[PDB]
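Chemist: let me see the structure of the following:
(chains A, B and C, ligands or ions: 1)
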Amino acid sequence: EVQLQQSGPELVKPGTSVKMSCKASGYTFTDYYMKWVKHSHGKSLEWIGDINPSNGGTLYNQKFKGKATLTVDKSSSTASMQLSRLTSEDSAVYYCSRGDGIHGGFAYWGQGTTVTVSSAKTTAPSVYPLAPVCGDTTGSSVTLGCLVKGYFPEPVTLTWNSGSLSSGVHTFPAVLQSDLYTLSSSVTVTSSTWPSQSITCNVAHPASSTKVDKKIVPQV
Amino acid sequence: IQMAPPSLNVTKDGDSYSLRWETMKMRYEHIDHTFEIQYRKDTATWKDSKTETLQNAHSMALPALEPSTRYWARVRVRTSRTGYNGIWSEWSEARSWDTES
Amino acid sequence: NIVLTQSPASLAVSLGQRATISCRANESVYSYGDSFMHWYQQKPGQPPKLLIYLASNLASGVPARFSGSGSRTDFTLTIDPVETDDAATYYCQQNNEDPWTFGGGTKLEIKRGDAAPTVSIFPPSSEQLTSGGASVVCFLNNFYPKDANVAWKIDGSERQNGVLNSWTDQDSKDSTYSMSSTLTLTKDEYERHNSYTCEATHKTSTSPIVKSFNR
Ligand SMILES: *[C@@H]1O[C@H](CO)[C@@H](O)[C@H](O)[C@H]1NC(C)=O
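Modeler: Numbering: from 1, shown residues only, chains lettered A, B, ... in the order given. Take a look:
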């Protein structure tokens, strides 16, 4: 299995520059090119440039010439890319991919990095348990919720019971309101199990270096 | 389309020489760059000299050489993939040097 | 600069049926014997994965449902029969002459039997409240088609202000959609009333699915 571990999420103020990375493994690092791609929000992909990890060779898309610089470090098999003169429009997801040469393309992809360019301030989220109210329809399966609001930037990792419980969950896309994000998540279990066994909601905001757990308890 | 003549230069270390060269654009990953390398002595001529080929490389160590002498060298490239080849480029400009006595 | 064009931008094909997507290039992509056109599947939240390489080759791991063919400028990615796992956006990317490029994408949505929304209602929590905040959430899960319409009723009177709902991407198993509508109020505005009702209108029934609560 080929592995492309990319760096974590970034919030950057306009005019400055980020420097994400991407550690490879599962094949000889120097045997293939590392290609980068800008997956802007809700759109198609954009090639940025490739690099021959062997001799540091480099080739760029011109639309990104002078903005992005591709680097490599063999000893630690990591390919890093730098973006300067950052601006609102640079906000997007950036992937590192590995090439093949038998077809010349993006054979293996990393999960991607989310860079947010904005002067808004990081803001810890607020997790509010959402429990059922007295009497539900004809319960068999009951649905619970967990509301995460007023946070910034993105993203926010939200799991159910350390993720052990993951079937019947529905984390919705976050909406931005007055430079503050909001999102919800509904898990649905069976009544036989709740409040039988506990059901904790695990929220996480890398940016604000925060993590919270809310055990869902029935209203009084 | 045909590539531009690569750029040659000669470097020394102690007394072991080496030919180094680069092209205009970096090769695509799904395409090899085949290089023809040849070097001789002011005395002989190109025609009468062996041209050893290489692929996707930018350098070549040189065998021991006769002290106190003036050599020459040129390179040229072609774009190849799955056996199909490209137009051999014009020879690199002849670079020469004078072996240390 | 070879400019790829994917047709159609989106299409709704029924389970078990057939799906073909076309990608036409400004100029040719063939040379050195091969056509440097590759396809890709990208699932929401998921990076792209290599589907077909060098025009007709299936990537290690792709299902026998996936097939690709085309030559100089016109290419067609065919999925037959269409599955749920296949609900994603598809891309073609040319690699003949840099700059490498991708198409605009084609998002297909698996078609299937209709499904009614499962409405759930949640009042503002004691936590949010303790800080002048009052948000009511209403979940509408696992429905199809994706045209579910909501409307909120506070003690009878309708409500348009402060309603912000989100839609999720078509599920990869039941092909059902889901959305959450969240109405936010001032803690005062909230304690000034009694019954909070959330109602959903779906092709499922001309009869609105209503769910409400009393403090
Ligand atoms: C179509 O591709 C060409 C090369 O064939 C490129 O010059 C052109 O910009 C593209 N079309 C338009 C309207 O730009």
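
Chemist: buried residues, stretch A:107-120. List them.
Modeler: By neighbour count on 16 or more other C-beta atoms under 10 Å in any protein chain shown, the buried set for stretch A:107-120 is A:107-110, A:112-117. For the C-beta atoms, the positions are set from N, CA and C on the backbone; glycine is no exception.

Chemist: and those residues as TSV, adding secondary structure?
Modeler: As requested, those are arranged in TSV below (DSSP: H, G, I helix; E, B strand; the rest coil):
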residue	secondary structure
A:107	coil
A:108	strand
A:109	strand
A:110	coil
A:112	coil
A:113	strand
A:114	strand
A:115	strand
A:116	strand
A:117	strand
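
Chemist: return the closest of those residues with respect to residue C:14.
Modeler: Distances from residue C:14 to the buried residues of stretch A:107-120, taken as C-beta to C-beta, are shortest for residue A:109 (29.9 Å).

Chemist: wait, isn't the closest one in contact with residue A:4?
Modeler: Yes: counting by C-beta atoms under 8 Å, residue A:109 does reach residue A:4; the two are 6.5 Å apart.

Chemist: okay, and the common contacts of the two?
Modeler: Residues touching both residue A:109 and residue A:4 by C-beta atoms under 8 Å, 6 or more residues apart in numbering or on different chains: A:96-97.

Chemist: can you get me a residue count around the residue in chain B positioned nearest to chain C?
Modeler: Using C-beta to the nearest C-beta, the closest approach of chain B to chain C is made by residue B:81 at 4.0 Å. For residue B:81, the neighbour count with other C-beta atoms under 10 Å in any protein chain shown is 17.

Chemist: for the one 3 residues further on, same thing?
Modeler: Around residue B:84 there are 12 other residues, counting by other C-beta under 10 Å.

Chemist: who's in contact with the residue in chain C that chain B sits nearest to?
Modeler: Nearest to chain B in chain C, going by C-beta to the nearest C-beta, is residue C:32, at a distance of 4.0 Å. Neighbouring residues of residue C:32 by C-beta under 8 Å, 6+ apart: B:31, B:81-82, B:84.

Chemist: leaving out sequence neighbours, find the closest residue to it.
Modeler: Distances taken as C-beta to C-beta, 6 or more residues apart in numbering or on different chains place residue B:81 nearest to residue C:32, at 4.0 Å, with adjacent residues excluded.

Chemist: ditto for residue B:90
Modeler: Nearest residue to residue B:90, sequence neighbours excluded (C-beta to C-beta, 6+ apart): residue B:5, at 4.5 Å.

Chemist: do the same with residue A:199
Modeler: Sequence neighbours aside, residue A:216 is the residue nearest to residue A:199 in space, at 4.8 Å (criterion: C-beta to C-beta, 6+ apart).

Chemist: so who does that neighbour touch?
Modeler: Taking C-beta under 8 Å, 6+ apart, one finds A:129-131, A:144, A:146, A:194, A:198-201 in contact with residue A:216.

Chemist: next step: those restricted to strands.
Modeler: Among the contacts of residue A:216, the ones falling in strands (DSSP state E) are A:129-130, A:144, A:146, A:200-201.

Chemist: would you turn those residues into JSON lines with neighbour count and distance to residue C:1?
Modeler: Below are these laid out as JSON lines (neighbours: other C-beta atoms under 10 Å in any protein chain shown; distance: C-beta to C-beta, whole Å):
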{"residue": "A:129", "neighbour count": "21", "distance to residue C:1": "53"}
{"residue": "A:130", "neighbour count": "28", "distance to residue C:1": "50"}
{"residue": "A:144", "neighbour count": "24", "distance to residue C:1": "51"}
{"residue": "A:146", "neighbour count": "29", "distance to residue C:1": "47"}
{"residue": "A:200", "neighbour count": "16", "distance to residue C:1": "52"}
{"residue": "A:201", "neighbour count": "24", "distance to residue C:1": "48"}
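
Chemist: next, format these as CSV and append distance to residue A:69.
Modeler: Listed next are the ones in strands among the contacts of residue A:216 as CSV, based on distance: C-beta to C-beta, whole Å:
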residue, distance to residue A:69
A:129, 46
A:130, 46
A:144, 47
A:146, 41
A:200, 44
A:201, 41
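
Chemist: and the residues you listed, which is closest to residue A:181?
Modeler: Proximity of the ones in strands among the contacts of residue A:216 to residue A:181 (C-beta to C-beta) peaks at residue A:146, which lies at 14.8 Å.

Chemist: what's opposite residue C:118 in the beta bridge?
Modeler: Note on residue C:118: beta-bridge partners residue C:141, judged by DSSP bridges.

Chemist: was I right about it contacting residue C:138?
Modeler: No: look at residue C:118 against residue C:138 with C-beta under 8 Å: they stay out of range, at 11.1 Å.

Chemist: which of those two has more neighbours?
Modeler: Under the criterion of other C-beta under 10 Å, the comparison of residue C:118 against residue C:138 puts residue C:138 first, with 26 against 20.

Chemist: ok, the more buried one to the ligand distance?
Modeler: 47 Å (C-beta to the nearest ligand atom, to the nearest Å).

Chemist: now that residue: closest residue in space, sequence neighbours ignored.
Modeler: Nearest residue to residue C:138 in three dimensions, chain neighbours excluded: residue C:198, at 3.7 Å (C-beta to C-beta, 6+ apart).

Chemist: show the contacting residues for the residue positioned nearest the centre of chain C.
Modeler: For chain C, residue C:169 is the residue whose C-alpha lies nearest the centre (C-alpha atoms, centre = their mean; 3.2 Å). Taking C-beta under 8 Å, 6+ apart as the criterion, residue C:169 is in contact with C:44-45, C:87, C:177.

Chemist: get me the contact residues on chain B for chain A.
Modeler: Taking C-beta under 8 Å from any C-beta of the partner chain as the criterion, the neighbours of chain A within chain B are B:25-31, B:58.

Chemist: wait, residue C:154 touches residue C:196, no?
Modeler: Yes: at 6.1 Å, residue C:154 and residue C:196 qualify as touching, with contact defined as C-beta under 8 Å.

Chemist: looking at those two, which one has more neighbours?
Modeler: residue C:196 (24 against 18).

Chemist: how much space separates the residue of chain B found nearest the ligand from residue B:75?
Modeler: The ligand sits closest to residue B:1 of chain B, with a gap of 14.3 Å, by C-beta to the nearest ligand atom. Going from residue B:1 to residue B:75 by C-beta to C-beta, to the nearest Å gives 19 Å.
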